[PDB]
Amino acid sequence: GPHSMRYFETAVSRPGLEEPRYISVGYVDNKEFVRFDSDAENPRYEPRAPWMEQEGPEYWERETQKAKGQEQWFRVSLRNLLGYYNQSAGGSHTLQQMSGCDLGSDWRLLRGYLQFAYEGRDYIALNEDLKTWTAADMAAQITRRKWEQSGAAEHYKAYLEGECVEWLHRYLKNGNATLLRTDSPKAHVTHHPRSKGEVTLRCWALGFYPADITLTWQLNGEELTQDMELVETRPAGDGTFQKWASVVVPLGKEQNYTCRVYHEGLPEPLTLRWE
Amino acid sequence: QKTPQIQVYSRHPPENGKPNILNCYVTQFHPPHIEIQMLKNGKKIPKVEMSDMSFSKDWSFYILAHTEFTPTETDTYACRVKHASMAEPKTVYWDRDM
Amino acid sequence: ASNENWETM
């Protein structure tokens with residue numbers, strides 16, 4: 001299916017006069033594969049997936065060098081934004097960056113991506129064309145104009161279509177086994193007798209990978225739109241996910257109600273009821 | 001200032017006496033500075049494992065706090081979160097049914 | 001592999 005590489009960067013300024021904390025997290029198909037943290041004992045890029053251990057010392061050395069330059073770029077930029085927004089260095093400020101590429105099933109480039117936030121709000125993004133910028137407010141326009149004048153988008157376009165694509169191809173090849181795997185959900189229903197015979201029935205789905213799942217409840221072949229309570233998908237911690245959907249209305253007449261689990265890892269959608 | 005969303009749940013279905021893992025999943029927060037505590041009967045659990053900080057596509061931060069626990073019918077478990085966006089700390093209690 | 005940014009903000 002579709003593939004992606006993404007680097008999520010964060011620089012947090014530190015009130016107590018100290019230098020910002022810089023973190024860079026790399027993802028290959030929404031799974032963490034590398035990580036840099038300026039707060040580490042020895043700050044360097046580290047493998048965060050087993051298949052990444054095969055990259056030689058020259059790789060980690062070069063990536064750490066890049067991260068160090070990024071640390072400085074975020075320090076300068078952090079100071080500039082303070083001036084644009086008439087802020088105090090006595091408070092903590094946040095600069096975030098998201099960049100990478102999407103590929104199709106054939107591993108061909110779909111689109112490049114480059115976005116920035118300041119204080120968790122959109123600041124500036126590179127447009128899909130990878131030639132023009134969209135500033136989010138009056139202060140972000142200062143950056144847009146500065147970046148047009150420096151031919152900045154040309155630098156980003158080259159990486160996003162060149163190196164980003166070439167490196168993701170290598171990672172998809174080296175991570176072959178690890179990346180292709182899916183864990184199918186294991187479902188079951190629980191019943192909790194609530195008040196005036198009105199027992200609540202909860203459909204659990206556990207141990208699934210990836211996170212996308214669909215859970216539904218049906219009253220004699222008719223899907224339940226209202227009443228159905230649905231928790232947000234949560235990580236189990238082992239690398240898998242959990243989710244549950246619950247229906248209230250059923251009294252001492254539970255077998256009319258049926259649950260359905262839809263997941264790409266399933267050899268066929270599951271169906272269950274019970275006590 | 002984005003308000004943290006909390007979920008307190010176990011790794012595996014809870015069977016009294018069986019060793020498990022208790023998770024505190026904190027999401028949708030900004031700025032990244034947060035304080036998370038896990039409590040066994042209103043008391044701090046030493047040795048709480050914390051995932052490294054990450055952020056979502058919407059720029060918000062998330063963290064998974066976890067602990068080794070053995071469920072019992074008397075022992076209660078909670079997660080207390082302190083964030084700049086909240087006037088008071090938010091406490092979510094573990095419920096084996098959720 | 002990651003990228004080195006160009007002009008500062």
# chains A, B, ... in the order shown; residues from 1 in each chain; ligands from 1
>>> residues_around(residues="segment 72-88 of chain B", least_positions_apart="5", cutoff="6 Å", atoms="only C-alpha atoms", output="JSON, numbers by chain")
{"B": [1, 3, 16, 34, 35, 36, 37, 38, 39, 40, 41, 93, 94]}
>>> write_last_selection(atoms="N, CA and C atoms", output="PDB file, in the first residue's frame")
ATOM      1  N   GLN B   1      -2.521  26.756  24.861  1.00  0.00           N
ATOM      2  CA  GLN B   1      -2.860  25.809  25.937  1.00  0.00           C
ATOM      3  C   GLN B   1      -3.915  24.770  25.513  1.00  0.00           C
ATOM      4  N   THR B   3      -5.814  21.118  26.435  1.00  0.00           N
ATOM      5  CA  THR B   3      -6.197  20.243  27.565  1.00  0.00           C
ATOM      6  C   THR B   3      -5.908  18.736  27.396  1.00  0.00           C
ATOM      7  N   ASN B  16      -7.424 -11.157  38.609  1.00  0.00           N
ATOM      8  CA  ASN B  16      -6.888 -10.971  39.964  1.00  0.00           C
ATOM      9  C   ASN B  16      -5.784 -11.982  40.266  1.00  0.00           C
ATOM     10  N   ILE B  34       4.693  18.495  31.018  1.00  0.00           N
ATOM     11  CA  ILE B  34       3.620  17.816  31.726  1.00  0.00           C
ATOM     12  C   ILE B  34       4.211  17.038  32.903  1.00  0.00           C
ATOM     13  N   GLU B  35       3.377  16.801  33.913  1.00  0.00           N
ATOM     14  CA  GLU B  35       3.696  16.005  35.084  1.00  0.00           C
ATOM     15  C   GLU B  35       2.641  14.920  35.212  1.00  0.00           C
ATOM     16  N   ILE B  36       3.087  13.653  35.141  1.00  0.00           N
ATOM     17  CA  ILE B  36       2.232  12.468  35.263  1.00  0.00           C
ATOM     18  C   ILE B  36       2.676  11.628  36.464  1.00  0.00           C
ATOM     19  N   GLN B  37       1.693  11.229  37.300  1.00  0.00           N
ATOM     20  CA  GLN B  37       1.843  10.388  38.482  1.00  0.00           C
ATOM     21  C   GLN B  37       0.913   9.178  38.402  1.00  0.00           C
ATOM     22  N   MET B  38       1.421   7.985  38.770  1.00  0.00           N
ATOM     23  CA  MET B  38       0.555   6.812  38.867  1.00  0.00           C
ATOM     24  C   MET B  38       0.414   6.467  40.338  1.00  0.00           C
ATOM     25  N   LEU B  39      -0.835   6.246  40.801  1.00  0.00           N
ATOM     26  CA  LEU B  39      -1.135   6.015  42.213  1.00  0.00           C
ATOM     27  C   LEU B  39      -1.772   4.652  42.548  1.00  0.00           C
ATOM     28  N   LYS B  40      -1.172   3.881  43.516  1.00  0.00           N
ATOM     29  CA  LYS B  40      -1.723   2.622  44.037  1.00  0.00           C
ATOM     30  C   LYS B  40      -2.308   2.978  45.393  1.00  0.00           C
ATOM     31  N   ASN B  41      -3.650   3.005  45.488  1.00  0.00           N
ATOM     32  CA  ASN B  41      -4.426   3.384  46.684  1.00  0.00           C
ATOM     33  C   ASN B  41      -4.118   4.809  47.214  1.00  0.00           C
ATOM     34  N   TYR B  93      -9.178   7.389  37.504  1.00  0.00           N
ATOM     35  CA  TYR B  93      -9.104   6.099  38.183  1.00  0.00           C
ATOM     36  C   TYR B  93      -9.232   4.930  37.207  1.00  0.00           C
ATOM     37  N   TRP B  94      -8.502   3.833  37.476  1.00  0.00           N
ATOM     38  CA  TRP B  94      -8.566   2.608  36.691  1.00  0.00           C
ATOM     39  C   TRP B  94      -9.890   1.905  36.960  1.00  0.00           C
TER      40      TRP B  94
END
>>> residues_around(residues="segment 129-133 of chain A", least_positions_apart="4", cutoff="7 Å", atoms="only C-alpha atoms", output="PyMOL selection string")
chain A and resi 124-125+144+153-154+157
>>> write_last_selection(atoms="N, CA, C and O atoms", output="PDB file, in the first residue's frame")
ATOM      1  N   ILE A 124       4.036  28.371   9.092  1.00  0.00           N
ATOM      2  CA  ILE A 124       4.351  28.403   7.668  1.00  0.00           C
ATOM      3  C   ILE A 124       4.427  26.976   7.133  1.00  0.00           C
ATOM      4  O   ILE A 124       4.929  26.073   7.809  1.00  0.00           O
ATOM      5  N   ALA A 125       3.929  26.778   5.918  1.00  0.00           N
ATOM      6  CA  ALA A 125       3.986  25.489   5.256  1.00  0.00           C
ATOM      7  C   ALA A 125       4.404  25.727   3.817  1.00  0.00           C
ATOM      8  O   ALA A 125       4.135  26.794   3.265  1.00  0.00           O
ATOM      9  N   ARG A 144       8.088  34.153   5.207  1.00  0.00           N
ATOM     10  CA  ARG A 144       7.756  33.864   3.813  1.00  0.00           C
ATOM     11  C   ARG A 144       8.574  34.725   2.880  1.00  0.00           C
ATOM     12  O   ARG A 144       9.249  34.191   2.008  1.00  0.00           O
ATOM     13  N   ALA A 153      12.776  27.304  -0.813  1.00  0.00           N
ATOM     14  CA  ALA A 153      11.947  26.186  -1.289  1.00  0.00           C
ATOM     15  C   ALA A 153      12.668  25.252  -2.248  1.00  0.00           C
ATOM     16  O   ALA A 153      12.344  24.053  -2.313  1.00  0.00           O
ATOM     17  N   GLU A 154      13.644  25.798  -3.006  1.00  0.00           N
ATOM     18  CA  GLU A 154      14.425  25.022  -3.984  1.00  0.00           C
ATOM     19  C   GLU A 154      15.275  23.989  -3.275  1.00  0.00           C
ATOM     20  O   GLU A 154      15.460  22.887  -3.785  1.00  0.00           O
ATOM     21  N   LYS A 157      12.699  21.285  -1.915  1.00  0.00           N
ATOM     22  CA  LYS A 157      12.181  20.524  -3.061  1.00  0.00           C
ATOM     23  C   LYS A 157      13.145  19.419  -3.444  1.00  0.00           C
ATOM     24  O   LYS A 157      12.717  18.282  -3.569  1.00  0.00           O
TER      25      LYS A 157
END
>>> residues_around(residues="residue 4 of chain C", least_positions_apart="5", cutoff="9 Å", atoms="only C-alpha atoms", output="PDB file with N, CA and C atoms, in the first residue's frame")
ATOM      1  N   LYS A  66      24.093  16.553  11.182  1.00  0.00           N
ATOM      2  CA  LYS A  66      22.916  17.230  10.672  1.00  0.00           C
ATOM      3  C   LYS A  66      22.067  17.742  11.837  1.00  0.00           C
ATOM      4  N   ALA A  67      21.789  16.878  12.838  1.00  0.00           N
ATOM      5  CA  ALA A  67      21.030  17.224  14.052  1.00  0.00           C
ATOM      6  C   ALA A  67      21.630  18.383  14.812  1.00  0.00           C
ATOM      7  N   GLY A  69      23.456  20.917  13.529  1.00  0.00           N
ATOM      8  CA  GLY A  69      23.198  22.086  12.698  1.00  0.00           C
ATOM      9  C   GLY A  69      21.766  22.550  12.860  1.00  0.00           C
ATOM     10  N   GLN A  70      20.831  21.586  12.999  1.00  0.00           N
ATOM     11  CA  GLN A  70      19.406  21.790  13.249  1.00  0.00           C
ATOM     12  C   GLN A  70      19.213  22.419  14.604  1.00  0.00           C
ATOM     13  N   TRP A  73      20.018  26.049  14.045  1.00  0.00           N
ATOM     14  CA  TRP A  73      18.979  26.661  13.221  1.00  0.00           C
ATOM     15  C   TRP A  73      17.747  27.001  14.091  1.00  0.00           C
TER      16      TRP A  73
END
>>> closest_atom_pairs(of="chain B", to="chain A", cutoff="7 Å", atoms="only C-alpha atoms", output="CSV")
residue,atom,partner,partner_atom,distance
B:11,CA,A:236,CA,4.9
B:30,CA,A:120,CA,6.6
B:59,CA,A:120,CA,5.6
B:60,CA,A:120,CA,6.8
>>> write_last_selection(atoms="N, CA and C atoms", output="PDB file, in the first residue's frame")
ATOM      1  N   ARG B  11      -2.658  -3.450  30.029  1.00  0.00           N
ATOM      2  CA  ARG B  11      -2.108  -4.032  28.800  1.00  0.00           C
ATOM      3  C   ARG B  11      -2.891  -5.259  28.360  1.00  0.00           C
ATOM      4  N   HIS B  30      -0.506  20.711  24.908  1.00  0.00           N
ATOM      5  CA  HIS B  30       0.441  21.737  24.506  1.00  0.00           C
ATOM      6  C   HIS B  30       0.470  22.855  25.548  1.00  0.00           C
ATOM      7  N   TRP B  59       0.077  18.745  15.799  1.00  0.00           N
ATOM      8  CA  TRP B  59       1.141  19.372  16.615  1.00  0.00           C
ATOM      9  C   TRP B  59       1.092  19.052  18.125  1.00  0.00           C
ATOM     10  N   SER B  60       0.011  18.431  18.611  1.00  0.00           N
ATOM     11  CA  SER B  60      -0.141  18.123  20.042  1.00  0.00           C
ATOM     12  C   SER B  60       0.754  16.969  20.534  1.00  0.00           C
TER      13      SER B  60
END
>>> closest_residue(among="A:88, A:167, A:3, A:42", to="residue 55 of chain A", atoms="only C-alpha atoms")
A:167
>>> residues_around(residues="residue 3 of chain C", least_positions_apart="2", cutoff="8 Å", atoms="only C-alpha atoms", output="VMD selection string")
(chain A and resid 66 159) or (chain C and resid 1 5)
>>> atom_distance(atom1="atom CA of residue 87 of chain A", atom2="atom CA of residue 19 of chain A")
16.8 Å
>>> interface_residues(of="chain C", to="chain A", cutoff="6 Å", atoms="only C-alpha atoms", output="PyMOL selection string")
chain C and resi 4+6+8-9
>>> select_by_dssp(residues="chain B", states="strand (DSSP E or B)", output="count of residues only")
49
>>> atom_distance(atom1="atom CA of residue 272 of chain A", atom2="atom CA of residue 205 of chain A")
11.3 Å
>>> residues_around(residues="residue 38 of chain A", least_positions_apart="2", cutoff="6 Å", atoms="only C-alpha atoms", output="PyMOL selection string")
chain A and resi 21-22+40+43
>>> residues_around(residues="residue 9 of chain B", least_positions_apart="5", cutoff="8 Å", atoms="only C-alpha atoms", output="list in words")
residues 22, 23, 24, 94, 95, 96 and 98 of chain B
